[PDB]
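Summary of structural features
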Amino acid sequence: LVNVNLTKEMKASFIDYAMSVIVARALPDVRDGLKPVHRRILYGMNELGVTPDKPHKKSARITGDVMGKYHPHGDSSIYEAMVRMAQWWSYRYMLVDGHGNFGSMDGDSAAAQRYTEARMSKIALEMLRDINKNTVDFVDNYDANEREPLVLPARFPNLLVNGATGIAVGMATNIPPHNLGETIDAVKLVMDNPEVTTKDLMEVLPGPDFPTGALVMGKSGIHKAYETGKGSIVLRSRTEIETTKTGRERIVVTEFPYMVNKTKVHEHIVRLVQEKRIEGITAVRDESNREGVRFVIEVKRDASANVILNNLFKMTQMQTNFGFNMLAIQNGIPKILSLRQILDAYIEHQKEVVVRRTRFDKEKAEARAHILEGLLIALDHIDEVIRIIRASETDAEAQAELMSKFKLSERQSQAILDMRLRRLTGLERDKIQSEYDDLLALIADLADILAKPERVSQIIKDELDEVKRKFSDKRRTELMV
Amino acid sequence: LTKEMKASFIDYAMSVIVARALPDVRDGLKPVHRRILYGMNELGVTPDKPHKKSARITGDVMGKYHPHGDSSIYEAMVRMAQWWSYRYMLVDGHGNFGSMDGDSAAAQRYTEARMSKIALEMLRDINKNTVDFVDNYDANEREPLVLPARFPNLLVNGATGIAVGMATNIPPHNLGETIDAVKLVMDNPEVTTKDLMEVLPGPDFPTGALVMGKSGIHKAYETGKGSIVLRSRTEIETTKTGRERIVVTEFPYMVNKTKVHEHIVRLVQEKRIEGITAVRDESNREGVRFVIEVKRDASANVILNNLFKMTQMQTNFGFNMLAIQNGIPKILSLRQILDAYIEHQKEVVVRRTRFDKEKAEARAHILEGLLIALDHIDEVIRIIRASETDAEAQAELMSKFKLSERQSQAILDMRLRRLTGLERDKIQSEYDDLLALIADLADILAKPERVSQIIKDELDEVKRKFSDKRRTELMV
Amino acid sequence: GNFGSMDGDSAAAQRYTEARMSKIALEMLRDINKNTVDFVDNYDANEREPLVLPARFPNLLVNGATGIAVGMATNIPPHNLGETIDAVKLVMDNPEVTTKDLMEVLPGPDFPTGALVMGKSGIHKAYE
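Residues numbered from 1 in each chain as written, not as in the entry; some residues may be left out. Chains lettered and ligands numbered in written order. Part of a larger assembly, values for the part shown. Heavy atoms only, no water.

Determination of this PDB entry was carried out by cryo-EM to a resolution of 6.35 Å, according to the record.

The PDB lists this entry under the title "Dihedral oligomeric complex of GyrA N-terminal fragment with DNA, solved by cryoEM in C2 symmetry".

This is the structure in C-alpha cells:
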C-alpha cells in the first residue's frame, strides 16, 4: 500500500499538506479576508472588462474561462462562491448581480448552472484598479507563465465589515459584520486622532450588524468581543402582540437573526404542537411574504401570550446565541487582533498603496519629462543640429556629437532625431513648453505630497466621504441592554 | 408586343447560350469555370500550402452567383478533375474522382483541392488593370467577363457542347506544338495549312487512340467540319498454346470499358462466336491491360473488324467546331484562334505597359519632389519657423519652388533621419533608374516587334518550366 | 405555418416553412424498381430526372390546371372522384358506351367551396 519509509518527506509533505489546506479555504487575510477563489473571480471579472455598464452575460462560460486560465481545481466551491457573492441577503454587501434561480432564504439552493447569467456590482470600481499600479507580486501557472496576484489591495476596509466563514480547516474563526457609516466615522477619528481609547469609539461604533435586522440586548459581550473577539451574545426577533377587531391577540414576527430558516422553524412549531409542550397556539400562518415578510402565530384567549414569547426565546431557535471568533492571520502566521490593530494595518497598507502609486506616476512624469527635455534642447540650437545631420554618418557619430554638445542620453538623442516638419510650428513648440511646465508642476506637487504624510489621510477621508455619499448606509438592527 | 416577345426570345436565348454553351474565343473558358478559378485565386491560399477539404469555397461561389444548382458547380469541379477526360491540368486535388469507368463520388466537400500550377501563371496580372469588370446581381463584389491568358487553352482542352442549337466537338492538342504554332504565326503572317500540319502533326488525348485518316483532318482544320477515326490500340501476340492474343491499351474517347464489354458478351451470346470465353480485362491501375484471346480455328482480325462494326473499338468521331465571340457563333478555322489570341495578348501587354508607366511616372514625380527638396533645405526650415500652419507651410513652399500638393506634403513628411546626403545620392540613383525604365517602356511602346518578343519570353518561361510529348500515338 | 385563409393575404413566412406531405403520393408513384420513365442528367450531366409522372390514377385530371399566359390559354376545371371512378370503370368493362349515358354517371364540374350550378347546355358543350 503505502510502504513509505522516509519519515522526513512524510513530515515535509505533511507540513505542505497542513499549510496548503489552510491557504486553500477561507482565511482571515490582511487585506480582504477572502478565499483566494474570490480573488480569482474578481481579477478575472476585472481583466475581462465585464462591467455592469455593459449588459448581462452567461457566466458559466466565464467560470470555465477563469478555470482554464487558472489551475484545474474542482467546480464545486467555485460555483458555490459564485452563488454566495451573488446572494443579496447573506452577505451584507452587493458583489455579483445575478439574474436567475436561487431560492430566497428557505433552504432551497437553486443551482441552475445552465441559467447562470449575471453581471457584477459597482463596488469593485472602489475595490481595485491596479492596472498601472505596481502593487502586488504574481505567481505563474500553465508551465508557469500567466500572472495571478497574491493579495487583494484596496482603499477600503469593506471586507472587514462583510464577514468571514473560515471554520473547519484547522481551528475555527469568522468575521461578524457591521455597517459602514459609523465605521467610516471611527476610522477617520483614529486617522486624525492617533491616541484615542476603545470605549470612546464604542460610542462611535454600534453593535455588530445583521442584514435582516436583529434585536440586540446586553453590552458585556460587546465589551468582551470588541476587545478579544470571543463570546456569544443574545439576539431576538422583532416580535409583537397585536389585537384584532375581536380582541384576540397575535404573535407577529418580522424577521429573524442570522442563519435561520422559516420552514425548519415552522416544522419545529408543528413539532411543538404535536409535542404538546406549549398551549394556546391556534393558527400557524404565513402569506403575502414577497411584498414584505409576514409570519403570524395566533393564540386563543386566556393564555398569557407574553409568557409564551418568553417560552419562545427560552426554548425555540428564535432566540439566537450568536458567537464570535476572529482569530486573525497576518502574513501566513495565525494571530488575533483588536479593532484598532485591523485599522492600523489598513492605514499602513494605504500608506504603501498611495506611495507606490505616486512613485509610478513619478516615473511616468520623469520619463515624459526627459522626452520633453530632449524636445526643448532640440529646439535650442536647431540649425547647428541641421549641420550635424548634414555632416555625420551613423547612429554612433550622431549620438557622440549630441552627447558632446548637449549631454543627453541615447534614447533622448533618438527621440530628438524622430522629429518631423509637422511638429515645427512655434505653436506646438510652446505647447511642448507649456505641457512640459505642467508636468513640472505635477512633479513638484507629488514631491510636496512626499514631503508630508497627512495629505494621504486627507484624500482618503475625502473619498471615504464620497463613498459614504454614493452609498448611504442606514441602520436596520436594534441595540438594547 | 410580338416584337417585344421576339426581343425576350433573343435576349433569353443569348442568356442561356452565353451561360452554359460554348465560351468565348478569347479564353475558351466557360464562365462557371472562369469564376471557379477567379474565386480560387481570390482564396489567395497558395498551392504550396496543402490543398483544402471544404465546401466553403463553393459556398463563396454560390454567394457570388445563384445557379440552378451548386451541385452543378461541384460537377464542374469534378469534371475539371477528370484528367482522363479533360487534359493537363486544372485541379490540385486528393479526394475521390474515379476514372472513365462509371464512378460516382458522392463525397462532395470531402475531396481536397486548391489552385493548380498552370493556373498560377495562367491568371496573373489582375493587379495591372488588364481586364474589365462587371458588378454582380448582389451589388457588392465584381467579376471579370474574360481572362488573361498564357496559352490558347482552346486548343489545349477541347469542347463537348450541348445542342441548344447544335453541340460542338473540339479536340485537345499539345503544349509545345501550340507554342511552335504561335511562333510560326508570329514569324509569318503568310503560313499555310501544311505549316499547320507541321507544327501540329495531330490532335491528341490524355488516353490515346488511332486516327488513320488524313483528309478528314484536312477538312477539320480548314472547314471546321468532319469526322475522324478513333481506334483502340491492337497488339497481336502469341499464346503458348497457339491463340492470337489481342492486347488493347488505347480506346476511342468517352468510351467506358464496362458497357462495351457487356455488349461484347451479348454479341458472343446471340448465336455467334462463343468459343472466345477469354476476356482478361483487369489490372488497369498500372495502365490498360484489355486483353482477349481468340479461340482456336478463328483469326483475330475478323473479330477485330466485327468489333469495329460494333463502333466501340473504332468510332466515327465528328467535329462541329463552333465558337462564340462578339455575341455571335462562328464556324472555326485557324488564323482565327491564332490572331484572336495574338491580339488579346497584345491588349494585355500594352495595357500592362500603360499601367506600369502610370506607377513609374507617379513615383518619378515623387522623386522629383524628393530631389528638389534635398537640394536646398535650411532656408525652407527657417521659413517654416516663420510659420505656424501646414497650410501656411504649403503656401510657403508654393512661393519657394514648383511642387505638387502631394509633393509638398511628402516633403513635410520628413523626420530628421531624412537630413543626410548619402540618401540624396540614393534617391538620385533610383530616380535616374526610374527615368531610364520609363524611357525603356516608351521605346517599347514605339516598337511593335518588342511585344512579340515579350510573348516569346513568356513562352520560353513556360517552356523551360513545362513541356509535354504526344502520348496519343497516331498512325495515318 | 402561416398562409392566410382565403382572403388575399398570402403569408409567405419562408423561415417558418415546416411541413410534411399527404398520403396520396403512395398511390401516385412507386417507381423504385419499376422500369418506366427515361431520365435527363444535370450537373455536368450526371444525376437523373424523370420525364413524366406515371400513376395508376387520373387524380390530376380531377384536380385542375392553371396554364394560361404562356401561349394560348387553357385550364382543367375540377370534378370529384367517386362518380369519376364509376364512369371510368363503365368504360373499362364497356368499351362502346355513349357520352350522355356517362353524363348520367357524371355530375357537374365540382368546386371545393360548394357551388350552386344552373343550366346544362354549357355542360353539354364543355363535356364535348
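Here the narrative resumes.
**As for the nonpolar core**
Judged by nonpolar contacts, the single largest core of 35 residues is most densely connected at A:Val385, A:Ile389, A:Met419, B:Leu416 and B:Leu419. If near-sequence neighbours (up to four positions away) are discounted, B:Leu416 is found in contact with A:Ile389, A:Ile416, A:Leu417 and A:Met419. (Core = buried A, V, L, I, M, F, W, Y, C linked by side-chain atoms within 4.5 Å. Buried < 20%, exposed > 50% of the residue type's maximum accessible area, 1.4 Å probe, protein only. Contact = heavy atoms within 4.5 Å.)

**Some words on the interface of chain C and chain B**
On the chain B side, the residues contacting the six residues of chain C number nine residues. When the two sides are added together, the surface that chain C and chain B hide from each other amounts to roughly 480 Å², 40% of it contributed by carbon and sulfur. Contact with chain B buries area across many residues of chain C, yet C:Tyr43, C:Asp44 and C:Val70 alone supply 96% of it, more than any other trio. Across the pair B:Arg79 and C:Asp44 runs a salt bridge, and its minimum N-O distance is 1.4 Å. If you look at where chain C meets chain B, you find 11 residue pairs in polar contact. (Buried area = accessible area lost by both parts, 1.4 Å probe. Salt bridge = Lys/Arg side-chain N within 4 Å of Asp/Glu carboxyl O. Polar contact = N/O pair within 3.5 Å; in protein donor to acceptor, adjacent residues only side chain to side chain.)

**Notes on the side chain of B:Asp27**
Residue and element names in this part refer to chain B. Structurally, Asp27 can be placed in the loop between α1 (2-20) and α2 (31-41). Assessed through its relative accessible area of 4%, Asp27 is described here as buried. Contact partners of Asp27, with chain neighbours within four places excluded, come to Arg34, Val146, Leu147, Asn153 and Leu154. (Helix = DSSP H or I, 4+ residues; strand = E, 2+ residues; numbered from the N terminus.)

**Brief notes about the pairing of strand β14 (residues 328-331) of chain B**
All names here are of chain B. By the bridge criterion, four bridges tie strand β13 (residues 322-325) to β14 in an arrangement that is antiparallel. Bridge assignment links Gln325 to a residue of β14, and that residue is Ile328. Counting the residues in the hairpin turn of β13 and β14 gives two residues, including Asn326, whose phi is positive at 60°. (Pairing = 2+ DSSP bridges.)

**A closer look at the environment of A:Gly213**
All names here are of chain A. Following the sequence through the fold, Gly213 ends up in the loop between α8 (198-202) and β4 (215-217). Looking at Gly213, the relative accessible area reads 5%, which means it is buried. For the pair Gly213 and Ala444, spaced 231 residues apart in the sequence, the C-alpha separation amounts to 51 Å. The contacts of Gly213, once residues within four sequence positions are left out, are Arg238, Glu255, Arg476 and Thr477.

**Regarding the packing of helix α7 (residues 181-192) of chain A against helix α17 (residues 454-470) of chain A**
Residue and element names in this part refer to chain A. Where α7 contacts α17, the two axes come as close as 11 Å, and the packing angle between them is 170°. By the angle between their axes, α7 is roughly antiparallel relative to α17. Here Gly181, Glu182, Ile184, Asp185, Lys188, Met191 and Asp192 of α7 lie close against α17, whose contacting residues are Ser457, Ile460, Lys461, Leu464, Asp465 and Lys468. Split by residue class, the contact of α7 with α17 holds four nonpolar, two polar and seven charged. (Axes fitted to C-alpha atoms, helices over the stretch in contact; angles between N-to-C directions. Parallel < 35°, antiparallel > 145°, perpendicular 65-115°, else oblique. Nonpolar A, V, L, I, M, F, W, Y, C, P; charged D, E, K, R; others polar.)

**A closer look at empty space enclosed by the protein**
Rolled over the atoms, a probe with the dimensions of a water molecule shows which regions are left empty. For the structure shown, the criterion picks out 17 cavities of 30 Å³ or more. Looking at the largest cavity, its volume works out to about 440 Å³. In terms of lining, the largest cavity is formed by 28 residues, of which the most central are A:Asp29, A:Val30, A:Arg31, A:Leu160 and A:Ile342. Sorting the residues of the lining of the largest cavity by element identifies α6 (158-162), β11 (329-330) and α12 (339-380) of chain A as the ones contributing at least two each. No other element matches α12(A), which puts six residues into the lining of the largest cavity. Per-class residue counts for the lining of the largest cavity are 17 nonpolar, seven polar and four charged. Considering only enclosed or pocket space, the second largest cavity measures out at about 370 Å³ in volume. Elements with a contribution of two residues or more to the lining of the second largest cavity: α12 and α13 (382-391) of chain A together with α12 (337-375), α13 (378-385) and α14 (390-400) of chain B. (1 Å grid on protein atoms, 1.4 Å probe; cavity = no way out; pocket = protein on both sides within 12 Å on 5 of 7 lines; lining within 4 Å. Points joined across faces, edges and corners; volume = space filled by probe spheres on them.)

**So, the side chain of A:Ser413**
Residue and element names in this part refer to chain A. Among the secondary structure elements, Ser413 is positioned in helix α15 (residues 410-417). Residue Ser413 is classed as buried on the basis of its relative accessible area, which comes to 2%. Among residues more than four places away in sequence, those in contact with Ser413 are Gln399 and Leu402.

**A short note on the sheet that holds strand β9 (residues 295-299) of chain A**
Residues and elements named next belong to chain A. Across the sheet, which stays open at both edges, the four strands sit in the order β6-β7-β9-β8 with antiparallel pairing between neighbours. Bordering the open sheet on either side are β6 (239-243) and β8 (281-286), each of which pairs with just one other strand. The average angle at which neighbouring strand axes cross in this sheet is 25°, direction not considered. Across five bridges, the pairing between β8 and β9 is antiparallel. If you follow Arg285 over to β9, its bridge partner there is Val296. Strand contacts of helix α11 (residues 305-315): β6, β7 (249-253) and β9, with the helix running at about 160° to β6, the strand carrying the most contacts.

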